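Visitor: So that we are looking at the same thing, I have put the structure below in structure tokens.
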RNA sequence: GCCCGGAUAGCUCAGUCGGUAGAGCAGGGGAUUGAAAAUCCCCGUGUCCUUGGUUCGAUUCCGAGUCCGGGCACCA
RNA sequence: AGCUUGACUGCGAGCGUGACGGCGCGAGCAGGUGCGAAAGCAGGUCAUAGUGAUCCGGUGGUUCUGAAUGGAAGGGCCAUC
RNA sequence: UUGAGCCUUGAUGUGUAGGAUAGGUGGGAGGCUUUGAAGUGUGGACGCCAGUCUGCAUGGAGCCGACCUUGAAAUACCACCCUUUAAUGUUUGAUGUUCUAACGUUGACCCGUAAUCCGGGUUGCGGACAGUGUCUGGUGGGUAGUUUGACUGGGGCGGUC
RNA sequence: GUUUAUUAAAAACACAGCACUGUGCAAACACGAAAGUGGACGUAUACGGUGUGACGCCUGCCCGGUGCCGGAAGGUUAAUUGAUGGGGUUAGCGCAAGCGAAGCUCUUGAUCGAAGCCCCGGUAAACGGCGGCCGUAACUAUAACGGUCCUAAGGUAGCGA
RNA sequence: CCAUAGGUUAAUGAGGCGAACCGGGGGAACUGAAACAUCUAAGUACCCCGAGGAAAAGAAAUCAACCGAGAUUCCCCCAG
């Protein structure tokens, strides 16, 4: 499933509001990108499919801080 | 059509103005006539013409 | 292109700097190294369309300290207006019937003034005054019944300003010998004038760029405001 | 981001300084190898001690 | 509604950073051949769409307007 | 033809015609004007067709309202597109 | 490396009368040259090869202005700028190449594992492209929701409102 | 041969063949939000779409419109970027009319900006078109032929109630 | 190489069913507007996930207006 393994973001439903205001169900597929992150405390390329914003969150907190939140909620990497 | 629509504005400090029409074809000159004004309550000059 | 006498004063001015009316008057006095009392000039790029009658900046202004130069005035009146023109201070006062004589050899003046009831005689053959900015016109303030006053203001230091068909305007505002403060009052006297002569349809910044300069000198950016 | 450098590196060499580098050059080659480190305020003071001491 | 371009002789059109506005088609005639063909040349019936501004001078350059051509904009 | 702007503004007893909406006529009254010496006349044109409801907006005027207060935005009213 | 704006710096303008390849408005009867000028002799260069500018240098101590003309007068000098054009720089963008550390790999190899999947690792080849997400313009009966009036000697056509 | 099982078995459809065109592999295309799979465990003598329909003689004229395949000076142009101008609020200054810094906010919308469209050059075994009015060949008639109608060109062969 | 992936064994728990109510992710049409697309139908029908005995919500960056009230939920007014 196209769901960020960090921010938890996932495809949200919406509507294609055209000029004439014609409702049309759609979706906002998150900008996920399988990136290979390296951990100095494990010496491994932990690949995680996260969105664009999901990566920045890993920059501030830290790849180690993010993974710590994964193993906490059952997330396996 | 053709005969455009104008509006004579009060030459006074008032914002009042009368509406009418004219012949821009052979009457391009600026129209001007003295009419009554409900604001100042006095016949003031009315110019402005398309 | 330029000479040392000119390259020396160029280093006294910052091309990329907008001096103030108070800092320009003092610096200008140092931009006149010529062997004669140079005159102060101020040009500005009016943000108007010179090719539109409803957007022409023309008129006259009286300097608070004159121009610092003699202005031989020549007025052409008729009737009693002849005496009022002479006793006014006019250098030369010729009648309407003797307007041709002036064209012969008696043509020595800086400005010409006339009366409305005498514009039909001077109007013609004005091919010698028109191209020389000496052709009297009710706009430049050189054509009015009170010629006695008009001439007095001119002799006092009144200068006329008219934007060219390009969008630029330049007029004298005195000499360089004048004190700093003195020049300031004169410069501002003109700046406030153009703003008063600004056309109603004029869009955008009326004052795009102002700069002062002498006879044998460079220009200096100055904030009109 | 800012981040501090550990190695020498090219146009930013100093063996220790804060330079505004794009998040692309840092989180991809600099840090993910051993030439830079995110200025989480906890490191700027850490390496700061190395300077004096 | 905004913007660019076009409107030139009777017709189809070329043209200029501001000034005697030309060509082709058609018609009359001429030249040339011994002659009929062809070919070439001469001859023009214009407020350069309309109203202003600058200029000694506007088909030109600028502003407004009309018709027309192209695109976009166009929720009482 | 001369002089000019009544093609003016606030009302209008009463009356005509329509299911209604709406439309039409109206002497006269108050204020302010034009013409004539004056008496008077003028609320467009001899009269009858020359037309576009509402909603949604723009512009000018009016402190009427102003979601805590003082303003403003917006809205309402009059004129108008 | 370069297309365009911007700012200084230098060029730059062949209606006609005419000493002559006059930009328009202004200041302006003198600045300029011994901080070494005209006038000759070359290079570079613009270009309607008409003519002119300039570094160097020879030389060495002048060159000018209403001039009588021109609608409009100075390479006599100096400003605010335009037309045209060139070179630094500045600013906003564009183009292509190189590199590798993301990313792609339905190349090879190893292990999980006597397994054509998959995952990890190694290596090679590409490479910040490709691809994808969001926004946006165009395209779009492939597809979907509907409209396509009423009077009317039945309706349609015509005509009408 | 196939087809409307159950009123049409036919000139319809299919057909080998031929032609145009797309496709360089992770192919085009198709089924799917994705993964994946089919196409093909194939590689241009392949495959998909379209058209025609053994064979024999042959397959003309026309590129304006509508499409497709390219190029391109200039013009217009989205998102985004947010230059100026105007307005609201208010410290202060005004004895009052009024104006009004900084900040904040509302509004107005230069500049940056690729395709696309137009324009230009081709393509008709692409969708289609291949007609009107006159003058003429010295018996009639007709028209080899010559203009025009500006819509692109205006019927070759053969055949023909 | 270390370290992991992986493999084996053991303990515990989970899986399913179920009338309604509840929270959340999905989310029409018919119909009405006497047509019809904005709108309405409706966040209803239905599909799917999870939990309890209630669920959900819940202890103010809420209202009020210069006087105060003081979590949430439910009912009656406010008010068609």
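Visitor: Based on the Cβ-Cβ distance from residue B:35 to residue C:110, what FRET efficiency comes out when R0 is 56 Å, to the nearest 0.05?
Guide: Between residue B:35 and residue C:110 the formula returns 0.60.
Visitor: Do you know the relative contact order of chain A, to the nearest whole percent, from alpha carbon pairs under 8 angstrom that are 6+ apart?
Guide: The value is 28 percent.
Visitor: Continuing with this model, one more query. With the cut-off at 1.5 for a/c, could you classify the protein assembly as shown from its C-alpha gyration tensor as rounded, prolate or oblate?
Guide: Cα axes put the protein assembly as shown in the oblate bin.
Visitor: Determine the gain in length on full extension of the stretch residue C:14-residue C:177; use 0.36 nm per residue of separation and subtract their C-alpha separation, reporting nm with one decimal.
Guide: 56.5 nm is the gain from fully extending residue C:14 to residue C:177.
Visitor: Relative contact order (percent) for chain C, with alpha-carbon contacts under 8 angstrom and 6 or more residues of separation?
Guide: 42
Visitor: Can I ask one more? Suppose each label sits 7 Å from its Cα in the direction of the beta carbon; what would the residue A:45-residue C:121 distance come out to in nanometres?
Guide: About 10.5 nm separates the two model spin labels.
Visitor: Report the calculated FRET efficiency for residue C:97 and residue C:170 (r = Cβ-Cβ distance, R0 = 35 Å), to the nearest 0.05.
Guide: 0.40
Visitor: Take the alpha carbon atoms of the stretch D:1-30, find their center, do the same for the stretch C:63-99, and report the distance between the two centers in whole angstrom.
Guide: Distance between centres, Cα-based: 81 Å.
Visitor: For n ≥ 4 DSSP H runs only, could you compute -39500 (n - 2.57) per run for chain D, divide by its residues and tell me the 222 nm figure to the nearest 500?
Guide: Computed mean residue ellipticity for chain D: -3500 deg cm²/dmol.
Visitor: Considering every residue in C:19-31, what mean count of other chain Cβ atoms within 10 Å of its Cβ is obtained?
Guide: Across the residues of C:19-31, the mean count of other-chain Cβ atoms within 10 Å is 0.
Visitor: Another question about this same structure. If I model a spin label at residue B:12 and residue C:144 as a point 7 Å from the Cα along the Cα→Cβ vector, what separation in nanometres do I get?
Guide: 3.2
Visitor: Here's something else I'd like to know. Calculated FRET efficiency, residue D:33 and residue A:15, Cβ-Cβ r, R0 60 Å, to nearest 0.05?
Guide: 0.85
Visitor: For the stretch B:1-48 and the stretch C:1-35, compute the distance between their C-alpha centroids and round to whole Å.
Guide: 56
Visitor: On to the next question. Given contacts defined as C-alpha pairs under 8 Å and at least six residues apart, what's the relative contact order of the stretch C:38-112, whole-number percent?
Guide: In percent, rounded to a whole number, it is 29.
Visitor: Order the peptides B:24-30, C:141-147, C:16-22 from the highest to the lowest mean number of other Cβ atoms within 10 Å of their residues.
Guide: Highest mean packing first, the order is C:141-147, C:16-22, B:24-30.
Visitor: What distance in nm separates the simple spin-label points at residue C:80 and residue D:20, each placed 7 Å from Cα in the Cβ direction?
Guide: That separation, rounded to one decimal, is 8.0 nm.
Visitor: Hey, got the average number of other protein chain Cβ atoms within 10 angstrom for residues in D:28-37?
Guide: Neighbouring Cβ atoms belonging to other protein chains average 1 per residue here.
Where a number appears in this text, it was derived from the coordinates with a stated rule and is not lab data. Cβ sites come from the backbone with ideal geometry, for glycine too, and all protein chains shown count toward neighbours.
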